[PDB]
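> let's see this in three dimensions:
(one chain, ligands or ions: 2)
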Amino acid sequence: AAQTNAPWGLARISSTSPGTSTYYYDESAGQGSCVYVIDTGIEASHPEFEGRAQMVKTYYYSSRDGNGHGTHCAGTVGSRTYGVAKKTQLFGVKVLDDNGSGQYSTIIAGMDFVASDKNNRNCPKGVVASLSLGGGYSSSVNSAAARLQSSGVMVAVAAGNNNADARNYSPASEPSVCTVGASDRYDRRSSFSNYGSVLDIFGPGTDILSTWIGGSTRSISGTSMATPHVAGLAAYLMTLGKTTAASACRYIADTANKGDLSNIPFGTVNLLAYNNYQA
Ligand SMILES: [Ca+2]
Ligand SMILES: [Ca+2]
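Numbers count the residues shown, from 1 in each chain. Ligands and ions are numbered 1, 2, ... in the order given. Here you go, the structure:
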């Protein structure tokens, strides 16, 4: 399948070079996989989700995404126009408030919720969790992310936007999950992206167009935008049978575009998520 005039990040995921505009991908499109977006919620009614999104848990007064961030991230995972895995099932877990903030106890509870809830959902091709969030180092947050991964979920987490070593941020610093840095359309490390030995992969994160609340769209930037490209890629590859929740991060690193990015500090991977789609 081919999507012409796609958002640059989707085109980048399916190319060995920057500057292309078509997103090439297998038509299976993540069908049969499930991605939990642990964030501010998901506006499931957005036409771009096509009935494939639903809220399954909220830690706040409402399940509504009153911010937009979670809807944007969910759109990069799996919306029709803006998503990597255009036929996946999306599940929203609202651990962040409508200002985009959340206590670590709540974020932890949301991870534990997913580890359990997935046993009640039909996800034959596997389960992914996308965590476009984090703050300072916390062993408890890292342990929660490690538990979620160990339970059989492909966990993708943002590296953080501090232009610093991700070792000091959580859940970014948990080694066992897939820690995602951000790049721009010219294959530079995004200005704000964290780096360091704990990063597993980079994905598109600067100027990413996706869904927003009120049935709208907008472009924003962050390691929060890179993360769902990797989560969606994992779901897509799991549907194709190429990898599993336990092995997807490693598989994505194995098959990434290597050495393409600039301003990568020595000791940080120079690996950019790539679907290796061959029509
Ligand atoms: Ca290249
Ligand atoms: Ca890792």
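
> show me what contacts residue 53?
42, 44, 46, 74, 78, 89, 90, 91, 92 (C-beta atoms under 8 Å, 6 or more residues apart in numbering). (Each C-beta comes from the backbone N, C-alpha and C, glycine too.)

> neighbour-wise, which one of these leads?
Using other C-beta atoms under 10 Å as the neighbour test, those are led by residue 74, with 38 neighbours.

> and the next helix or strand past the helix or strand where it lies?
Residue 74 belongs to helix 69-78 when assigned by DSSP states H and E. Read in the C-terminal direction, the helix or strand following helix 69-78 is strand 89-94, with elements assigned using DSSP H and E.

> just the angle for that next one relative to helix 69-78, thanks.
160 degrees (axes from the mean of the first three to the mean of the last three C-alpha atoms, to 10 degrees).

> parallel or antiparallel, list what pairs with strand 89-94.
strand 33-39 (parallel), strand 53-58 (parallel) (DSSP bridges).

> any idea which of those strands is most buried?
Comparing the strands paired with strand 89-94 by mean neighbour count (mean count of other C-beta atoms under 10 Å), strand 33-39 comes out on top with a mean of 30.

> for the stretch 51-200 of the chain, just list every one of the strands.
In the stretch 51-200 of the chain, the strands defined using DSSP state E, counting those that start in this stretch lie at 53-58, 89-94, 126-131, 135-136, 153-158, 169-170, 178-183.

> among those, which comes closest to residue 13?
With C-beta to C-beta, the closest approach to residue 13 among the strands of the stretch 51-200 of the chain belongs to strand 178-183: 10.9 Å.

> helix or strand next in line after that closest one, which one?
Once the chain leaves strand 178-183, the next helix or strand it forms, by DSSP H and E, is strand 201-204.

> and the contacts of that following strand?
Strand 201-204 is contacted from outside by 8-10, 12-13, 178-185, 189, 193, 225-227, 229-230, 233, 249, 252-253, 256, 261, 269, 271-273, using C-beta under 8 Å, 6+ apart.

> swap in stretch 11-26?
Stretch 11-26 has contacts (C-beta under 8 Å, 6+ apart) with 1-8, 10, 84, 86, 183, 185-187, 203-204, 229, 233, 236, 240, 257, 260, 272-275, 277, 279.

> what are the buried residues along it?
When burial is assessed from 16 or more other C-beta atoms under 10 Å, stretch 11-26 yields the following buried residues: 11, 12, 13, 14, 15, 18, 23, 24, 25, 26.

> could these be laid out in a markdown table, adding distance to residue 101 and secondary structure?
Shown next, in a markdown table, are the buried residues of stretch 11-26 (distance: C-beta to C-beta, whole Å; DSSP: H, G, I helix; E, B strand; the rest coil):
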| residue | distance to residue 101 | secondary structure |
| --- | --- | --- |
| 11 | 33 | helix |
| 12 | 30 | helix |
| 13 | 30 | helix |
| 14 | 34 | coil |
| 15 | 36 | coil |
| 18 | 34 | coil |
| 23 | 33 | strand |
| 24 | 38 | strand |
| 25 | 34 | coil |
| 26 | 38 | coil |
